[PDB]
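J.:
Chains as they are written, first to last, in my numbering: chain A, 356 to 441; chain B, 356 to 441.
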């Protein structure tokens with residue numbers, strides 16, 4: 356389950372998800388922070404639109420998390436969680 | 356009561372939202388496509404965390420919109436919808 360979207364190409368994450376669900380896994384949750392947020396929405400839509408029609412988007416949550424940014428100091432980021440179920 | 360979120364500074368949008376919701380309008384829909392998706396979630400979080408603690412996130416939808424270029428070029432863009440309510 357749980358697939359963290361980062362700075363790798365969207366397709367890499369799309370392939371991760373798909374492999375997992377073709378392999379039998381029923382649920383994956385996409386997690387992303389900040390700028391990767393739009394890329395997580397991208398992974399969800401591509402997987403549904405091109406690979407696993409059937410896939411249900413169960414529940415989407417957003418929150419705020421705290422991380423230490425590139426400058427060395429604490430900072431708050433938006434985050435998203437997308438529950439995929441086949 | 357629908358706000359389109361693009362590439363303007365985040366606070367521009369936050370302003371528009373808060374003003375509206377404090378001055379009556381009890382429901383508002385955030386909408387964005389592509390990378391603005393990130394800005395859109397930020398706006399929501401900044402509102403719910405900094406300005407109107409009470410606010411409720413009614414519903415988040417995602418989908419793919421298709422747009423046509425001047426020349427005929429069809430593009431699939433990811434898109435999001437965030438319903439807020441006080």
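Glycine included, each C-beta is placed from N, C-alpha and C at the ideal position.
Exposed or buried, which one is residue 409 of chain A when buried takes at least 16 other CB atoms within 10 Å?
T.: Within the first chain, numbered from 1, the residue matching residue 409 of chain A stands at position 54. Flag for residue 409 of chain A reads exposed.
J.: Output the distance between the C-alpha atoms of residue 431 of chain B and residue 380 of chain A, rounded to the nearest integer angstrom.
T.: Against the second chain, residue 431 of chain B aligns to sequence position 76. Against the first chain, residue 380 of chain A aligns to sequence position 25. Cα to Cα, the separation comes out at about 28 Å.
J.: How many Å lie between residue 390 of chain B and residue 421 of chain A at the Cα?
T.: Here residue 390 of chain B refers to the residue found at position 35 when the second chain is read from its first residue. Here residue 421 of chain A refers to the residue found at position 66 when the first chain is read from its first residue. Going by the C-alpha atoms only, they are around 21 Å apart.
J.: For a test of your reading of the model: does the CB of residue 416 of chain A fall under 6 Å from any non-hydrogen atom of the ligand ATP? Yes or no.
T.: Because no ligand of any kind appears in the structure shown, any question about the ligand ATP cannot be addressed here.
J.: Determine the direct distance from the alpha carbon of residue 398 of chain A to that of residue 405 of chain A, and round the result to whole angstroms.
T.: The residue labelled residue 405 of chain A in the question sits at position 50 within the first chain. The residue labelled residue 398 of chain A in the question sits at position 43 within the first chain. Cα-Cα distance, rounded: 10 Å.
J.: Is any beta-carbon of chain A found at less than 7 Å from that of residue 381 of chain B?
T.: Counted from its first residue, the second chain places residue 381 of chain B at position 26. So, not an interface residue.
J.: Note down the Cα distance separating residue 361 of chain A from residue 395 of chain B, rounded to an integer number of angstroms.
T.: Start at 1 with the first residue of the first chain, and residue 361 of chain A comes out as number 6. Start at 1 with the first residue of the second chain, and residue 395 of chain B comes out as number 40. Rounded to whole angstroms, the gap between the alpha carbons of residue 361 of chain A and residue 395 of chain B is 19 Å.
J.: How should residue 413 of chain B be labelled, buried or exposed, when 16 other C-beta atoms within 10 angstroms of its C-beta is the threshold for buried?
T.: On the second chain, position 58 is the one that residue 413 of chain B refers to. Per the 10 Å Cβ criterion, exposed.
J.: Hey, how far is the Cα of residue 417 of chain B from the Cα of residue 428 of chain A?
T.: Taking the second chain and counting its residues from 1, one reaches residue 417 of chain B at position 62. Taking the first chain and counting its residues from 1, one reaches residue 428 of chain A at position 73. For residue 417 of chain B and residue 428 of chain A, the distance between alpha carbons rounds to 33 Å.
J.: Please state the DSSP three-state secondary structure of residue 425 of chain B.
T.: Indexing the second chain from 1 puts residue 425 of chain B at position 70. In the structure shown, residue 425 of chain B sits in coil (DSSP, three-state: anything other than H, G, I, E or B).
J.: For chain A, find out if any of its Cβ atoms is closer than 7 Å to the Cβ of residue 404 of chain B; answer yes or no.
T.: Position 49 of the second chain, counting from 1, holds the residue named residue 404 of chain B. Yes, its Cβ sits closer than 7 Å to a Cβ of chain A.
J.: Going straight from the alpha carbon of residue 368 of chain B to that of residue 378 of chain A, what length do you get?
T.: The sequence position of residue 368 of chain B within the second chain is 13, counting from 1. The sequence position of residue 378 of chain A within the first chain is 23, counting from 1. In a straight line, the C-alpha of residue 368 of chain B is about 43 Å away from that of residue 378 of chain A.
J.: Output yes if chain A places a C-beta closer than 7 Å to the C-beta of residue 409 of chain B; else output no.
T.: The residue given as residue 409 of chain B occupies position 54 in the second chain. Cβ-Cβ to chain A under 7 Å: no for residue 409 of chain B.
J.: Please report the distance separating the alpha-carbon of residue 441 of chain B from that of residue 370 of chain B.
T.: Taking the first residue of the second chain as 1, we reach residue 441 of chain B at position 86. Taking the first residue of the second chain as 1, we reach residue 370 of chain B at position 15. Each residue's alpha carbon lies about 16 Å from the other.
J.: Using the Cα positions of residue 356 of chain A and residue 423 of chain B, report the straight-line distance between them to the nearest angstrom.
T.: The residue labelled residue 356 of chain A in the question sits at position 1 within the first chain. The residue labelled residue 423 of chain B in the question sits at position 68 within the second chain. Cα-Cα distance, rounded: 36 Å.
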